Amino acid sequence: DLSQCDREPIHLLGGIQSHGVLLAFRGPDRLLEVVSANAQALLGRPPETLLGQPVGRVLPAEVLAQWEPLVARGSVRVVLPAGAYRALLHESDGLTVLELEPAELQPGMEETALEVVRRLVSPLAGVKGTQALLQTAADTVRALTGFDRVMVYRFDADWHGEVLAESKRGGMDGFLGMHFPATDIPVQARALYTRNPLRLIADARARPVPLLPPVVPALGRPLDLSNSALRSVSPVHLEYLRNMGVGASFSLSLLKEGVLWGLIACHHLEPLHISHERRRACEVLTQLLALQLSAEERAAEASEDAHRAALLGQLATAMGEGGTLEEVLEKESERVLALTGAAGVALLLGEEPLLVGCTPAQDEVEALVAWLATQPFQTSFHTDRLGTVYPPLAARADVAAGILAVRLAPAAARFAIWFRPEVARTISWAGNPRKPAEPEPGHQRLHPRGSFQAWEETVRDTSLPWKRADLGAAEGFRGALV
């Protein structure tokens, strides 16, 4: 359901965090437009008094010698008097949208950047599992701008997610597993994160600094601050960090192969401005955690599912050295079930079902086969919820939560079914998940929580996943019968 929580724009609010400068430009012969009410304190002359007038009479020679490499490169460092801000410029609704914002004072990005990477590459990064690859990234990021807590929120099936990492300092608090809503990182803001990686909260305590004039004439609405460098997050959100205990939040959204995945949150007690160069060079590492995952699952599967095929190679030679189904299936029944980490498996070979392992009762399975053949799957049908699809076997979960249809022939409702049982799973949650926001009596403008502390729910009457292998190994048996 689209919510007042997800219908809400970003991109086109009010403007930029109180530490940049947006000086706009409309068409040919340069010429300023949408400015930034804070502009008369890093320039030299007030905003309203150069909102009509061209670049010649707005910027100093510095940035106007640099104007050419700017277009031509992306960003470009200029050391004009207040210090040495950035330059990052893109294209908007009809504009050249030049902004600067402070630059990096240490000459050990390059140096600390290159020792920090080596960690999250190495001669062989996967050694002691994937809680390391998650934990070294989360570490580095922390130990590459400095922070007092950072994790790896991962989204799942229903876009709700949890933190599989945690790097911290001498006795804060901090989350870990600890599920928290999907409403949070809403539909708006991972549709937008496919194209725009990271966001900087500079000083979550401090207030947003408007834009000039609040619309960009021609269009009618305000400016697309979407590709922005310093978009200011939103009331729904800082209302919702001033509880938590962040004066920051440093995110760099993952996506190895076009698909989102997680984030790396970075938290910090006191306002903190990491740079564009450092912001982007941890985007380089978020880009090295997404890759080295791609590589190992895309591997695991390869290395894991040989163990699968050595089952099916057992199950097939026995199958042809004394051809006799029931006899040869019994001895290699530990193998059948174990194809798929299963407890039970019926087979309909024409005659009566050969129930085999630790399955439910025959009178039951007969009703289960009619109900199947009167469903659509072109070959297979599985679920981790069971009672949800075919309620009759709800009550007797304990062996019946997840199944593998594998139609042996067309009209023939002969097949085999793999019963997979029931799993505990006491599952932690940051405040009661049943309610992830705060309606003000009319329900039109709302709030977050001030909650964030371990309300457990208990996933149960579900099972395990059915990961490409079960559903693939299993389709080996069905071609191995015909």
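All residue numbers refer to positions in the sequence shown, first residue = 1. We call the rigid core whatever largest set of C-alpha positions still superposes within 1.5 Å between the two forms.
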### Task
Compare 318-326 with 354-362 and report which one shows the larger root mean square C-alpha deviation from this form in 7 other deposited structures of this protein once the rigid core is superposed.
318-326
### Message
Aligning on the core, I want to see which stretch wanders more in 7 other deposited structures of this protein. Is it 221-229 or 166-174 by C-alpha RMS?
### Response
166-174
#### Entry: Between the two ranges 85-93 and 349-357, the one averaging a larger CA B factor in the entry
349-357
### Mean C-alpha B-factor comparison - 255-263 and 73-81, higher one
73-81
### Summary
Among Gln53, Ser36, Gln40, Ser451, the highest C-alpha B-factor in the PDB entry belongs to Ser451
### Task
Could you tell me which one of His237, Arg199, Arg221, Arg396 shows the highest CA temperature factor in the PDB record?
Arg199
### Query
Going by what the PDB entry lists, where does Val482 fall on CA B-factor within its chain: lowest, middle or highest third?
highest
### Task
Taking the chain's C-alpha temperature factors as the reference, tell me which third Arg242 falls into: lowest, middle or highest.
lowest
### Query
Taking the C-alpha B-factors as the PDB entry records them, is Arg407 in the lowest, middle or highest third of its chain?
middle
### Query
For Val21, does the deposited CA B-factor place it in the lowest, middle or highest third of the chain?
middle
### Query
Looking at the C-alpha B-factor of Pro421, is it in the lowest, middle or highest third of its chain?
highest
